[PDB]
Amino acid sequence: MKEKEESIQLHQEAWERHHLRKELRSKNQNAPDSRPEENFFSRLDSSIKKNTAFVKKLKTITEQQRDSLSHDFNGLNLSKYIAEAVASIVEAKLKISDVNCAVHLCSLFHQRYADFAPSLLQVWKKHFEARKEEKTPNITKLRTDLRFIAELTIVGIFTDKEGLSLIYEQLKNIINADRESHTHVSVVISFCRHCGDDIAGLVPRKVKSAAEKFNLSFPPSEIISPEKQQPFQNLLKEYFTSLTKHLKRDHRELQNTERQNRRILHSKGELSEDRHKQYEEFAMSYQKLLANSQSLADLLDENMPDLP
């Protein structure tokens, strides 16, 4: 059966995700007591050429460079180039599939250099400053960014205070940004999909359903405490509420414009004018808003409102 194989996959990914996070968080939180010393740094090379080259490569971090960038990293003394390396990392445009590599590299930095985490945090904050008054949203980057700062917290590079606080901040903006126009929906879904388990305490309907139906035991939430998760869950439901309002409105005004085309069908006979390419745009984005609403109701384990 197809349904069982998908559930086994979900279940397998869940555990891979969980085991990795647990392993990385342990190393990162334990980093301070065993960073290397002066003498060790002496034997790595501080050349400006190589360290600068490396900082540049960090602008295009890619999964298939995991080993190559790691190899270079281990030979360089990056003591003086933290701020620059942090800047490359924050600006770099990562695909969904590249974020784990970036986090891996961030962990090698963090585990070697005390200056890394404070710089990374500080530069992320500035970066969300620059965004707030620059106009034309760049949602593609904010999507990944949110996931990225999420992992960096889960993985213990940022402390709960620093990282949770930073994520809460950026989520608030999305909630406030998206009350009529729900333009960041895919950003909230991605965040939920990837990090909602540990940051928001999410347990989606699919996971619940798979667990009961196939007697699969899914990973426990053990990273962020339920108290710290609650605020995040509240925001998501409140967003979801807002999104369901916007779904109802657009249902009415789709069918108040279908049941208006019935008057303009009878009276003065049809004419598939520009209205026959305006309905093809109202019902395009509705279909996508319905898809995203279903997608997020599941992640949050909420029912969909009923659509006559």
# chains A, B, ... in the order shown; residues from 1 in each chain; ligands from 1
>>> select_by_dssp(residues="segment 85-283 of chain A", states="alpha helix (DSSP H)", output="ChimeraX atom specification")
/A:85-91,99-112,116-133,139-154,160-177,185-199,205-214,226-255,263-266,279-283
>>> residues_around(residues="residue 285 of chain A", least_positions_apart="3", cutoff="12 Å", atoms="only C-alpha atoms", output="ChimeraX atom specification")
/A:181-183,246-247,250-251,254,278-282,288-293
>>> residues_around(residues="residue 101 of chain A", least_positions_apart="2", cutoff="10 Å", atoms="only C-alpha atoms", output="number ranges by chain")
A: 61-67, 69-70, 94, 97-99, 103-107
>>> closest_residue(among="A:163, A:135, A:145, A:95", to="residue 121 of chain A", atoms="only C-alpha atoms")
A:163
>>> residues_around(residues="segment 226-243 of chain A", least_positions_apart="2", cutoff="7 Å", atoms="only C-alpha atoms", output="PyMOL selection string")
chain A and resi 168+175+179+182+199-201+224+245-247
>>> residues_around(residues="residue 112 of chain A", least_positions_apart="6", cutoff="9 Å", atoms="only C-alpha atoms", output="VMD selection string")
chain A and resid 31 to 32 34 to 36
>>> write_last_selection(atoms="C-alpha atoms", output="CSV table (one decimal), in the first residue's frame")
chain,number,residue,atom,x,y,z
A,31,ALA,CA,31.6,23.8,23.3
A,32,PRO,CA,33.0,26.3,25.8
A,34,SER,CA,36.9,22.5,25.2
A,35,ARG,CA,37.7,25.2,22.6
A,36,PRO,CA,41.3,24.9,21.4
>>> residues_around(residues="residue 73 of chain A", least_positions_apart="2", cutoff="9 Å", atoms="only C-alpha atoms", output="PDB file with C-alpha atoms, in the first residue's frame")
ATOM      1  CA  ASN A  51      41.065  33.206   4.996  1.00  0.00           C
ATOM      2  CA  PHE A  54      37.268  31.036   2.479  1.00  0.00           C
ATOM      3  CA  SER A  68      35.266  20.640   0.999  1.00  0.00           C
ATOM      4  CA  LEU A  69      34.371  23.690   3.108  1.00  0.00           C
ATOM      5  CA  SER A  70      34.957  21.612   6.232  1.00  0.00           C
ATOM      6  CA  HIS A  71      38.399  20.591   4.950  1.00  0.00           C
ATOM      7  CA  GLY A  75      43.299  24.290   8.180  1.00  0.00           C
ATOM      8  CA  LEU A  76      42.612  28.010   8.614  1.00  0.00           C
ATOM      9  CA  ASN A  77      43.050  30.284  11.626  1.00  0.00           C
ATOM     10  CA  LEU A  78      39.869  32.343  11.311  1.00  0.00           C
ATOM     11  CA  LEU A 105      29.535  24.987   9.236  1.00  0.00           C
ATOM     12  CA  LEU A 108      32.331  24.106  13.509  1.00  0.00           C
ATOM     13  CA  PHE A 109      32.789  27.895  13.893  1.00  0.00           C
TER      14      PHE A 109
END
>>> atom_distance(atom1="atom CA of residue 116 of chain A", atom2="atom CA of residue 86 of chain A")
7.4 Å
>>> residues_around(residues="segment 210-223 of chain A", least_positions_apart="5", cutoff="8 Å", atoms="only C-alpha atoms", output="JSON, numbers by chain")
{"A": [4, 7, 11, 14, 15, 18, 22, 154, 197, 198, 201]}
>>> write_last_selection(atoms="N, CA, C and O atoms", output="PDB file, in the first residue's frame")
ATOM      1  N   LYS A   4       1.063   3.483   3.508  1.00  0.00           N
ATOM      2  CA  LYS A   4       1.988   2.995   4.523  1.00  0.00           C
ATOM      3  C   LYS A   4       3.431   3.432   4.228  1.00  0.00           C
ATOM      4  O   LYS A   4       4.174   3.787   5.143  1.00  0.00           O
ATOM      5  N   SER A   7       4.022   6.993   5.192  1.00  0.00           N
ATOM      6  CA  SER A   7       4.082   7.105   6.648  1.00  0.00           C
ATOM      7  C   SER A   7       5.428   6.649   7.196  1.00  0.00           C
ATOM      8  O   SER A   7       5.993   7.286   8.080  1.00  0.00           O
ATOM      9  N   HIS A  11       7.926   9.155   9.233  1.00  0.00           N
ATOM     10  CA  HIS A  11       8.530   8.595  10.443  1.00  0.00           C
ATOM     11  C   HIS A  11      10.048   8.484  10.411  1.00  0.00           C
ATOM     12  O   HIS A  11      10.711   8.735  11.407  1.00  0.00           O
ATOM     13  N   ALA A  14      11.471  12.165  10.444  1.00  0.00           N
ATOM     14  CA  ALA A  14      11.270  12.670  11.787  1.00  0.00           C
ATOM     15  C   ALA A  14      12.439  12.271  12.681  1.00  0.00           C
ATOM     16  O   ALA A  14      13.026  13.112  13.360  1.00  0.00           O
ATOM     17  N   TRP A  15      12.802  10.995  12.650  1.00  0.00           N
ATOM     18  CA  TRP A  15      13.854  10.513  13.536  1.00  0.00           C
ATOM     19  C   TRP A  15      15.229  10.999  13.147  1.00  0.00           C
ATOM     20  O   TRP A  15      16.019  11.360  14.017  1.00  0.00           O
ATOM     21  N   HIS A  18      15.448  14.385  14.306  1.00  0.00           N
ATOM     22  CA  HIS A  18      15.527  14.448  15.753  1.00  0.00           C
ATOM     23  C   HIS A  18      16.892  14.066  16.241  1.00  0.00           C
ATOM     24  O   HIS A  18      17.499  14.769  17.052  1.00  0.00           O
ATOM     25  N   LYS A  22      19.627  16.572  18.288  1.00  0.00           N
ATOM     26  CA  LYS A  22      19.996  16.165  19.639  1.00  0.00           C
ATOM     27  C   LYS A  22      21.504  16.064  19.763  1.00  0.00           C
ATOM     28  O   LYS A  22      22.088  16.405  20.785  1.00  0.00           O
ATOM     29  N   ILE A 154      17.657  25.711  17.858  1.00  0.00           N
ATOM     30  CA  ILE A 154      17.428  24.309  18.239  1.00  0.00           C
ATOM     31  C   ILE A 154      18.739  23.588  18.489  1.00  0.00           C
ATOM     32  O   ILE A 154      18.869  22.800  19.428  1.00  0.00           O
ATOM     33  N   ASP A 197       7.838  21.425  15.234  1.00  0.00           N
ATOM     34  CA  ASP A 197       7.847  20.359  16.224  1.00  0.00           C
ATOM     35  C   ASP A 197       8.556  20.839  17.488  1.00  0.00           C
ATOM     36  O   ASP A 197       7.975  20.834  18.564  1.00  0.00           O
ATOM     37  N   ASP A 198       9.787  21.305  17.336  1.00  0.00           N
ATOM     38  CA  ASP A 198      10.612  21.691  18.475  1.00  0.00           C
ATOM     39  C   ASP A 198      10.370  23.117  18.972  1.00  0.00           C
ATOM     40  O   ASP A 198      10.420  23.355  20.180  1.00  0.00           O
ATOM     41  N   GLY A 201       6.061  23.279  19.490  1.00  0.00           N
ATOM     42  CA  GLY A 201       5.419  22.079  20.039  1.00  0.00           C
ATOM     43  C   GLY A 201       4.411  21.430  19.096  1.00  0.00           C
ATOM     44  O   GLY A 201       3.540  20.696  19.535  1.00  0.00           O
TER      45      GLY A 201
END
>>> atom_distance(atom1="atom CA of residue 120 of chain A", atom2="atom CA of residue 89 of chain A")
8.5 Å
>>> closest_residue(among="A:136, A:157, A:102, A:150", to="residue 30 of chain A", atoms="only C-alpha atoms")
A:157
